[PDB]
Amino acid sequence: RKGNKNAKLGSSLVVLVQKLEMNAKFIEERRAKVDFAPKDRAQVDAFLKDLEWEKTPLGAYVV
Amino acid sequence: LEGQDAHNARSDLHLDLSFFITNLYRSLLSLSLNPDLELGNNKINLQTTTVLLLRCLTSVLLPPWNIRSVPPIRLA
Amino acid sequence: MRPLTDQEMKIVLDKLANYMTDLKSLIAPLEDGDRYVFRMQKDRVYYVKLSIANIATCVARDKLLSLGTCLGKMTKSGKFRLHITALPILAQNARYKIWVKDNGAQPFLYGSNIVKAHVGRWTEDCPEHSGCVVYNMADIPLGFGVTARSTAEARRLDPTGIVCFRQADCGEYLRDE
Amino acid sequence: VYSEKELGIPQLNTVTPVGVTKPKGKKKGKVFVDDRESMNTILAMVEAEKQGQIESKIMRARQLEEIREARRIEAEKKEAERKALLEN
RNA sequence: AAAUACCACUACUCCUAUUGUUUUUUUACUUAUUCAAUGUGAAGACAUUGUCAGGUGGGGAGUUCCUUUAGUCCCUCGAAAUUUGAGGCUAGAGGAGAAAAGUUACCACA
């Protein structure tokens with residue numbers, strides 16, 4: 001959109017990229033408070049085992 | 001600019017590589033998603049784009065001259 | 001509050017280019033469609049976000065006391081002078097910068113001129129009367145000024161000899177207390 | 001030595017035009033530089049006299065060209081503003 | 001502060017149910033609306049837009065309000081209950097005009 005006229009693919013990719021950005025942001029807020037010194041990585045090794053693949057915005061998208 | 005005479009000429013001759021550094025910085029992502037990186041005594045004429053990228057990055061981050069003067073912001 | 005005029009902008013940018021390399025960096029647009037603009041309250045120039053200036057427009061002129069970062073003051077004769085409040089922006093974009101030891105950092109903070117007996121690191125190829133931001137050995141922005149001699153002259157200079165002329169130091173924050 | 005501003009010296013018309021001069025002791029209308037393009041052109045001129053002498057002819061030409069492009073963009077934006085405020 | 005026996009009233013806080021009202025948030029769909037074309041397609045109840053109440057206005061056009069003092073204990077708003085604060089009235093005192101102007105037992109130079 002300065003190509004083709006395939007608005008179906010256009011809309012599908014715009015919603016895809018919006019959801020990818022939302023998931024990246026979601027990772028920002030839940031990772032902003034994690035300590036990752038190079039000799040102590042307990043929090044990052046215990047980061048998100050307790051969350052299942054439907055809570056994430058991209059999980060909702062994919063399901 | 002990594003030639004000796006040009007290095008000593010730098011300030012007098014107004015030879016600034018800020019444009020090249022910024023261009024490499026802005027093109028890193030496009031090169032990362034490029035699919036033809038490895039589709040390939042010389043110091044310039046190198047057949048592989050990833051080899052060229054390592055030469056650029058070595059010149060920038062690890063220059064032969066003033067290696068302990070590189071801006072930390074650039075390095076990071 | 002009002003924007004700067006053409007002559008005022010020219011003078012302010014002349015001083016800022018005397019002390020810095022890149023100024024399109026200062027006036028460049030940001031990600032959120034916002035940019036840094038210049039404002040004037042009383043006889044002082046303020047480096048501010050456009051959004052902050054627009055949202056501070058509602059404040060009355062006689063009751064607005066500061067905005068963004070105070071960059072300096074326009075003198076009675078129409079001459080701009082920078083400030084230790086303007087030190088940070090000079091720190092991001094300094095052209096020439098001179099480091100001093102602790103035994104010279106304390107004198108500079110008291111308000112003295114830098115000496116090569118205090119210097120511990122130089123900037124190569126520095127003209128005689130240029131723009132140098134004074135740091136300590138911990139890369140802490142300590143002040144700014146104009147150097148007195150070139151690098152070669154300072155090296156061949158007497159260890160007890162003035163190398164830089166002080167214009168502002170961080171001790172003025174103990175003035176305005 | 002006394003300043004030409006202090007002395008009441010009339011402006012003289014030369015190859016550099018005087019233009020429409022303003023009456024003395026009256027309201028000199030303040031034109032404001034708050035546009036990104038106007039800041040660009042003023043900045044380009046300032047950096048030009050700050051850098052000064054360049055050995056390379058192409059480098060000098062590029063410096064002059066960036067100043068010219070700044071003026072061109074400023075003029076275009078001002079003309080567009082004129083059109084916008086004259087029609088709408 | 002308030003004292004419990006006796007028996008009367010309504011006052012909040014937290015929950016439940018249906019025999020009902022509204023408002024807000026998220027999501028879904030097009031008919032509001034936005035964009036492209038000529039001899040129908042896309043986005044979407046969000047934007048955009050409009051009306052009032054206001055704040056700032058060193059810019060443009062036109063012309064030449066608060067604070068203090070003393071008083072009647074005269075009126076309104078706010079607060080606490082057994083008293084106050086802010087305004088209101090009477091008349092003294094403060095604040096040709098964005099070009100610049102005035103001023104200092106101060107600094108630097110001459």
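- cryo-EM is the method the PDB entry states for this structure, with the resolution given as 2.8 Å.

A few points about the state of the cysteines
Residues and elements named next belong to chain C.
And step 1. Considering all chains together, one arrives at 0 disulfides over all chains under this definition.
And step 2. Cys70 takes part in no disulfide bond, and the closest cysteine sulfur to it belongs to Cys170, at a distance of 15 Å.
And step 3. Given the relative accessible area of 11%, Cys70 is considered buried.

Things to note about the interface of chain D and chain C
And step 1. On the chain C side, the residues contacting the 14 residues of chain D number 22 residues.
And step 2. Of the roughly 1700 Å² buried at the junction of chain D and chain C (both faces included), carbon and sulfur atoms supply 62%.
And step 3. It is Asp34, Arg36 and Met39 of chain D that lose the most area in chain D upon contact with chain C, and together they represent 31% of the buried surface on that side.
And step 4. Inspection of the chain D/chain C interface yields 1 salt bridge.
And step 5. For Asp34 of chain D, the salt bridge identified is with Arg39 of chain C, shortest N-O distance 2.8 Å.
And step 6. Inspection of the region where chain D meets chain C yields 4 residue pairs in polar contact.

As for the protein's contact with RNA strand E
And step 1. Of all residues adjacent to RNA strand E, which total 17 residues, the nearest are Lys42, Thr57, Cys58 and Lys76 of chain C together with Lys28 of chain D.
And step 2. The share of sugar and phosphate among atoms of RNA strand E within 4 Å of the protein is 60%.
And step 3. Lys30 of chain D has a polar side-chain atom sitting 3.0 Å from a sugar or linking oxygen of RNA strand E.
And step 4. Class assignment for the residues of the surface near RNA strand E results in 6 nonpolar, 3 polar and 8 charged.

Parameters and conventions
- Residues numbered from 1 in each chain as written, not as in the entry; some residues may be left out.
- Chains lettered and ligands numbered in written order.
- Part of a larger assembly, values for the part shown.
- Heavy atoms only, no water.
- Disulfide = S-S within 2.5 Å.
- Buried < 20%, exposed > 50% of the residue type's maximum accessible area, 1.4 Å probe, protein only.
- Contact = heavy atoms within 4.5 Å.
- Buried area = accessible area lost by both parts, 1.4 Å probe.
- Salt bridge = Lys/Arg side-chain N within 4 Å of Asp/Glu carboxyl O.
- Polar contact = N/O pair within 3.5 Å; in protein donor to acceptor, adjacent residues only side chain to side chain.
- Near = heavy atom within 4 Å.
- Nonpolar A, V, L, I, M, F, W, Y, C, P; charged D, E, K, R; others polar.

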